[PDB]
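In the form deposited in one PDB entry, a lone chain appears below as structure tokens.
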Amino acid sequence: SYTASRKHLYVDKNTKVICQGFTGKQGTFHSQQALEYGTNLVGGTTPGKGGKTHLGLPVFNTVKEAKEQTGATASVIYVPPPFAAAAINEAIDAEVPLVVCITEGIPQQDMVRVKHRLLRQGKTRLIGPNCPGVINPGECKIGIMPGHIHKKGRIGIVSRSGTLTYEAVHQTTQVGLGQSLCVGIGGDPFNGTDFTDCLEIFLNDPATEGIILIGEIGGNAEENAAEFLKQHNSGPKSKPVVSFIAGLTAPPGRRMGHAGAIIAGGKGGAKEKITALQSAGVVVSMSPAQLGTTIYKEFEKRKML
């Protein structure tokens, strides 16, 4: 159903992207950048500007329109928090295969409703909200991550954070390994794509030979991921998975920046997440500075270098 749309996560050179809230400050700024990176940003939408252009690209009144006219298969949203949920819903309505919602601040209840909608359809895959987006290095960048630090390669990266993901990407390029696909699923408690969604893609992607999973306190997506890897990444051909879980020193009961990073009612602590992943054979880098070197050693041990 919805799990079917998991494939839409693997953006590539053929992905045609439209920016919702195109003429807004964020949409405009990141759109110029997507353009320069080489993303196939083919237009955007904003109500009332259909038939106009912005940054030399066509604008359409509705996502429906933009999609039909441009053949866009992906949409990105930078719209302010109060209006972001409706933007997601519009993309889901227009059946955009992939929607990336960067916007931080969407009320959790709005996301609970968007999730209700999302799970009862199989056309639209949502990445986000509150996330940096997704990037297939050298092929397609949708979001706000710095393109230059990414180098097409062999590591699939899925992470609940933004900048900590950048460290990991950087580390992997410094050890010369590169990334196959990087998906920031965001720091919100309710979102459109979880770790398992990405792991599934990574496990079956020939170009992904190793995986880095970056997590943090709050929720139990890390635990679910561990359960998933225990079942699906066992066997002679298992891919090495390396992880770092942030918040080992986080105090209980405090939102740690991200809306979803909180240890509440005794649940969501980092240690348990690390333990769970370890039992699933994931090599957990105790230091966030050593993800690149840990995964490199794993490739090395398996003579995959």
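Start at 1 with the first residue shown and count on from there. Here the rigid core means the biggest group of C-alpha atoms that line up within 1.5 Å when the two forms are laid on top of each other.
Coordinates for residue 266 are absent from at least a third of the other compared entries of this protein that model residues on both sides of it. 271 to 279 and 47 to 55 differ in mean CA B-factor, and the higher of the two is recorded for 47 to 55. Relative to its counterpart among 211 to 219 and 225 to 233, 225 to 233 has the higher mean temperature factor, C-alpha atoms as listed in the PDB entry. In the deposited coordinates, the residue among 128, 71, 107, 162 with the greatest CA B-factor is 71. Sorting 240, 247, 38, 260 by the CA temperature factor given in the entry leaves 38 at the top. When all modelled residues of the chain are sorted by CA temperature factor, residue 167 is found within the middle third.
Placement of the Cα temperature factor of residue 19 within the chain: middle third of the modelled residues, per the deposited record.
In the deposited entry, the Cα temperature factor of residue 143 places it in the middle third of its chain's modelled residues. In the PDB entry, a CA B factor belonging to the middle third of its chain's modelled residues is recorded for residue 89. Among the modelled residues of its chain, residue 181 has a C-alpha B-factor that falls in the lowest third according to the deposited record.
Unshown form deposited in another entry; subsequent notes refer to it.
Here the two forms are overlaid on the core, and between this form and the one not shown the C-alpha of 258 is the only one among 67, 258, 30, 239 to shift by 2 Å or more. Core-superposed comparison between this form and the one not shown: the CA of residue 54 stays below a 2 Å shift.
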